[PDB]
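We give structure tokens for two forms of one protein chain below, kept apart as structure 1 and structure 2.
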Structure 1
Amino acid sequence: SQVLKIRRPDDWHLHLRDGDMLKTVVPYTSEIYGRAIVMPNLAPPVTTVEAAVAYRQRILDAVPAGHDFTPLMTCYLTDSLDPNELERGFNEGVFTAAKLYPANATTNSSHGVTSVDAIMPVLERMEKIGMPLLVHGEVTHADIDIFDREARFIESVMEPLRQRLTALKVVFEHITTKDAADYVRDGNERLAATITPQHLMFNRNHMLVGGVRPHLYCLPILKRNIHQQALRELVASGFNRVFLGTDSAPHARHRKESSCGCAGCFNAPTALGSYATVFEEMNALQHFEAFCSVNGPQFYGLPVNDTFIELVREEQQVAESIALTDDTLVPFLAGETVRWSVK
């Protein structure tokens, strides 16, 4: 019976893939979100204006008629990236931001950045022209326990970087730890963060107790419950430099369910309702709209969307699977009941 009307949201961290997967997954986004930050970790990665322009058209070709959706493109940073290519892309309205992937931190990140020092001229230009930096904040050294890679990145990479480039605007993407939650809560106006639905709904126990569940396996890895509780307290607080970023990251079923499952939750279909449930459970629905629809635009210096959507507290069942030309796609919370759905 409970209806919840909000300003149309945006997704400030999205993986749309390419080809047949792209066709399949964009509508789950374009039917709800006004804009999306579309990450550049294709194979090969989007590291040029030309690439990004063509990719943006592939995205628009796949948007159903009558969806008013704008994909906001990113540059995949690399050690050798020409800062003139990054700036040109920004000035032509192609690149909204640039994305820092530490080499081998996640999917399609082997071409990622090997150090901050290797890309200083690029970072200094971003700082100059006011282009925000999106960070996948994990270290990747083989000796560092997977669950420590986020916290380690803060002391060793993030904090020194922000001390060097005091005017650089940085989004700490998909934060998963109390460490990151306090770092952002205590940061200045040039530091923001996104949080996915899964890192709010679940902790590592959900992925590993009673069976291993690859459909909850994603990066950065789900942490212990005290971390999850931090993140939930952060969004519930009303802190206005956190915003919605799904990190929807789809993989075919048998790439998830194999002897080496790919990391990624396909949560585009079910994310907004999942966020609503978290905010509802935290007695913080008065902060929901801002998380979804205002905080991101404010950080990015963009206008808020001028249309509205409704969520209804009526229990929908999530589909077991979504067809692809080859294999299926298992949505996040496949087969599950959800408390809130879009009207």
Structure 2
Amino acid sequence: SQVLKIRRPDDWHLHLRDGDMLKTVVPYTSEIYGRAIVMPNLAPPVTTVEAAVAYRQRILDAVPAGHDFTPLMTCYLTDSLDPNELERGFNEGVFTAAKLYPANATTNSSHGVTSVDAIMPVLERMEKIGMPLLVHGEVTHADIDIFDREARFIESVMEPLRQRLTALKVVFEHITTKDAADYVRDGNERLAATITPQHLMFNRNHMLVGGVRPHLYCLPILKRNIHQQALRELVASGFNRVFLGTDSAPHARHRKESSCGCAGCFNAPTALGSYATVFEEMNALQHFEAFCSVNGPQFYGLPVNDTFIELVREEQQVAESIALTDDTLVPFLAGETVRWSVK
């Protein structure tokens, strides 16, 4: 029975939520991954050092005893964010990075960004102190087709930004297009990307042919197969500025299977085995470890994990659901037989 031993992985893009949801979902990450980039999109969002410190402790509280797990916190960038607050968080090791969600002129200054132009002072402080910027790379204008939102972000925001702040380290989060794949492949050392398991394994047909599958509904939206193939080719190439970020993004069942389903896959339980299945199919296991356990740390200037973990090619069924205090959570690939499992 075939075995894959890799240095313990890290998840460079993760939603842990808060309260009870957090207590449930934390263990699925902390039993596997050494570290995770904990995204800041709470309600209200994490935009101060003091909120990040408190959030961190709630995370640490929910980590089962014996798990060696370190959450790496982020600041939600907003128009009202004081550059000195972000810097003090970076300097105090509270903020590992800052996350830029799509702009909107409508957004409250405490909850987001009106435009990149409006936050140049904060972005300049990041460039100055070498703080990485993590970007959800979409433009959200109402007259842009949802499948075009990422490509449009590249041309109208990403490139003008990187051409203006030339020392800024940037992670193009959860890329979903050949446009992003090529852009990142052809970039310099200050540009990297994360890729989710869903964007490697599936394309839009999987979400829409023979029924609408809201558990495959996430942002950025799954694209046509040519994009799925460009992404698979990119990781299979051994390109070293792409790395694991699950974008595990849990919602209660009733919020997913509604008249208006929330975006996000709860993939933490199944993501590692799923990536392993993809590298195998691409005949590229030689590059699997580096994607999970090496590329991320090198980009962020952090150590590589020095413990190991083993996957086995033993078929395991994925639970149909995962109980929460009040509803249930449907994992990514619920009820299916996954190929690789952690030993």
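Quick note, the numbers are simply positions in structure 1, starting from 1. Residues that one form lacks are left out of the comparison. Superpose the two forms; the largest set of C-alphas matching within 1.5 Å is the rigid core.
Only one of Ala98, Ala151, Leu222, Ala105 has its C-alpha shifted by 2 Å or more between structure 1 and structure 2 once the core is superposed, and that residue is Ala105. Look at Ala263: with the core superposed, its C-alpha moves 0.3 Å between structure 1 and structure 2. Regions that shift between structure 1 and structure 2, defined as runs of three or more consecutive residues whose CA atoms all move by 2 angstroms or more after core superposition, reduce to a single one, 103-112.
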